[PDB]
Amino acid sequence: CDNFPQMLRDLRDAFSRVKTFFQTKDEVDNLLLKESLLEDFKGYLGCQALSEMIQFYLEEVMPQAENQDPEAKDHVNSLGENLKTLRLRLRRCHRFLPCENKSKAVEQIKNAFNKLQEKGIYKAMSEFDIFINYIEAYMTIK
């Protein structure tokens, strides 16, 4: 969806204000984030790998980082808000985090199925051959 560089900048700016509290060089002997990650990012498991890493920093690394180093707290928190904010725009970009989005068609189907109760179950079951034809059409167009 464009120029980031554009979006990325804030996020690099927020990391420059917190860099000095963590190393200021960086690990530098045996890396944690090795090129293996970059190959998955480049593969067919790309979105999942990115979504999973984003989630790893926001929920496991930053709060823990805020705890080891209370003087960095406000800097780390802002870094995590810019990262929360990037993920939201990446979701809006069909091409960047499709994998974090959910099917509105399935949500409606699930919502009718709940309203219909008993009849809901008989319809989902009677139409199972339509589901099978849609699977065949999906595998054929992919």
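Numbers follow the displayed sequence, beginning with 1.
Undergrad: Determine, for stretches 16-24 and 117-125, which one has the higher mean CA B-factor as deposited.
TA: It is 16-24 that shows the higher mean C-alpha B-factor.
Undergrad: Given the B-factors recorded for C-alpha atoms, which segment has the greater mean, 70-78 or 94-102?
TA: Going by the record's values, the stretch with the higher mean is 94-102.
Undergrad: Going by what the PDB entry lists, where does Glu35 fall on CA B-factor within its chain: lowest, middle or highest third?
TA: Its C-alpha B-factor belongs to the middle third of this chain's values.
Undergrad: Lowest, middle or highest third: where is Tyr57 by Cα B-factor in its chain?
TA: Its C-alpha B-factor belongs to the lowest third of this chain's values.
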